[PDB]
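No value in this document is a laboratory result; all are computed from the given coordinates. Please note: Cβ atoms are built from the backbone with ideal geometry, for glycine as well, and neighbour counts cover all protein chains shown.
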Amino acid sequence: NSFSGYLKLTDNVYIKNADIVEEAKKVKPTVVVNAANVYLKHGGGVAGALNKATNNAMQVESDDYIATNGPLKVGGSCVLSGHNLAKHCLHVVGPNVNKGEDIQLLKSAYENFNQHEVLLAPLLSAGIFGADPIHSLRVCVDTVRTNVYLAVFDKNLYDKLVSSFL
């Protein structure tokens, strides 16, 4: 397929040092995953980058979703438009360690991926959500059964994830 340059970690998990926005623009996947919060407020991190790439269309759509349905749950998800990046965006809420949220909900968050055959995704609960990215990758491998292409922005983190993988 159109995913190029990934390292194979397992039967179904692949990883690349890449900006998820640029990779979505190049591949136009069926599903891109957003690292969302429960309010779908896309201010920073991956969410802020994806929203900016849609010229704020993602935020306008999200505000309507919240007005109609209320907040997500931690560990939950919703499927919205992918705008100019993808057919669909799967907004998944991993726990935010900095808010005291239970890291065990990371497994629930990754289970949402199993409803989709192929996904382009970031590591959940990494970055500004405060969890250890090595732990996030382990939970991903052990939970997701569908095909997941992981994009890791930071080269030093990418190298550490690959070189410590077991």
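Pull up the DSSP beta bridges for segment 7-164 and report the antiparallel fraction as a percent, rounded to 5. Before the final figure, lay out each step's value.
Details: 7 of 22 bridges.
Roughly 30 percent of the DSSP beta bridges within segment 7-164 come out antiparallel.
Search the structure for amide H atoms under 5 Å from the amide H of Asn34, placed 1.01 Å from N in the peptide plane, and list their residues when 5 or more places away or on another chain.
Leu90, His91, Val92
Take the cross-link list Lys25/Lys99; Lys28/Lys99; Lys107/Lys155; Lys52/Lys99; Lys8/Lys41 and give me the ones stretching past 30 Å between alpha-carbons. Provide the component values of the computation, followed by the final result.
Working: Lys25/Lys99 32 Å; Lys28/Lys99 33 Å; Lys107/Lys155 25 Å; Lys52/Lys99 25 Å; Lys8/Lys41 33 Å.
As for pairs spanning more than 30 Å Cα to Cα, those are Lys25/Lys99; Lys28/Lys99; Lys8/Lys41.
Could you put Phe153, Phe3 in order, starting from the residue whose Cβ has the fewest other Cβ atoms within 10 Å?
Values: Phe153 19, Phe3 16.
Ordered from fewest to most neighbouring Cβ atoms within 10 Å, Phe153, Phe3 come out as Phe3, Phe153.
Whole-Hz Karplus ³J(HN,Hα) for segment 146-154, in order, using 6.51 cos²θ - 1.76 cosθ + 1.60 and θ = phi - 60°, x for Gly and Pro?
8, 8, 10, 9, 9, 10, 10, 5, 7
Quick one: Karplus J couplings for segment 159-166, per residue in order, coefficients 6.51, -1.76, 1.60, θ = phi - 60°, nearest Hz, x for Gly and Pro?
The phi angles translate into 4, 5, 4, 5, 6, 9, 6, 8 Hz.
What ranking do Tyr65, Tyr158 get, fewest neighbouring Cβ atoms within 10 angstrom at the top? Provide the component values of the computation, followed by the final result.
Details: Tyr65 16, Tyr158 19.
With the sparsest Cβ surroundings first, the list reads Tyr65, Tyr158.
What number do you get for the chain when its Cα radius of gyration is normalised by 2.2 N^0.38 Å, N = residues? List each step's numbers first, then the result.
On the way: Rg = 14.5 Å, N = 166, 2.2 N^0.38 = 15.3 Å.
In units of the 2.2 N^0.38 Å rule of thumb, it is 0.95.
Please work out how much length the chain gains when fully extended from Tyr65 to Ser4, using 0.36 nm per residue of separation minus the C-alpha to C-alpha distance, in nm with one decimal.
Details: separation 61, 0.36 × 61 = 21.96 nm, distance 3.36 nm.
Gain in length upon complete extension: 18.6 nm.
Quick one: among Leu72, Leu120, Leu85, which has the greatest mean-square fluctuation in a GNM of the chain with alpha-carbon springs under 10 angstrom?
Looking only at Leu72, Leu120, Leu85, the largest GNM fluctuation is found for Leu72.
Are there trypsin sites (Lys or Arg not before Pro) in segment 8-73 that DSSP marks as loop and that have at most 14 other Cβ atoms within 10 Å, and which are they? Display every interim value, and only then the final one.
Working: sites: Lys8, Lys16, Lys25, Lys26, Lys41, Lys52, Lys73; in loops: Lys41, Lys73.
In loop regions of segment 8-73 (DSSP not H, G, I, E or B), the sparsely surrounded trypsin sites (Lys or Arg not before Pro) are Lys73.
Per-residue HN-Hα couplings for segment 20-31, Karplus 6.51 cos²θ - 1.76 cosθ + 1.60 at θ = phi - 60°, whole Hz, x for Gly and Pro?
Calculated HN-Hα couplings, in order: 4, 5, 5, 5, 5, 4, 6, 8, 6, x, 5, 9 Hz.
If you filter segment 74-166 for GluC sites (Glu not before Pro), then keep DSSP loop positions with at most 13 other Cβ within 10 Å, what is left?
Details: sites: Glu101, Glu111, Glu117; in loops: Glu101, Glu117.
Hits after loop and neighbour filter: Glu117.
Expressed as a rounded percentage, what relative contact order does the chain have, with Cα pairs under 8 Å and six or more residues apart? Let's see the in-between values first.
Working: 310 pairs, mean separation 47.7, N = 166.
That works out to 29 percent.
Return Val139, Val79, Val32, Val38 ranked ascending by Cβ neighbour count within 10 Å, so the fewest neighbours appear first. Could the numbers behind the result be given before it?
Numbers: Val139 20, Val79 14, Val32 28, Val38 17.
Final ranking by Cβ density, sparse to dense: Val79, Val38, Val139, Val32.
Under the rule of -39500 (n - 2.57) per DSSP H run of 4 or more residues, summed and divided by the residues of the chain, what mean residue ellipticity at 222 nm is obtained, to the nearest 500 deg cm²/dmol?
On the way: 6 runs with 57 residues, N = 166.
Calculated mean residue ellipticity at 222 nm is -10000 deg cm²/dmol.
Taking every eigenvalue of the Cα gyration tensor of segment 1-83, multiplying by 5 and rooting it, what semi-axes result, largest first, whole Å?
On the way: eigenvalues 132, 44, 24 Å².
Its equivalent ellipsoid spans semi-axes of 26, 15, 11 Å.
Using Cα pairs under 8 angstrom and six or more residues apart, how large is the relative contact order of segment 65-142, in percent? Don't jump to the answer; show the numbers that get you there.
Working: 100 pairs, mean separation 19.3, N = 78.
The normalised contact order for segment 65-142 reaches 25 percent.
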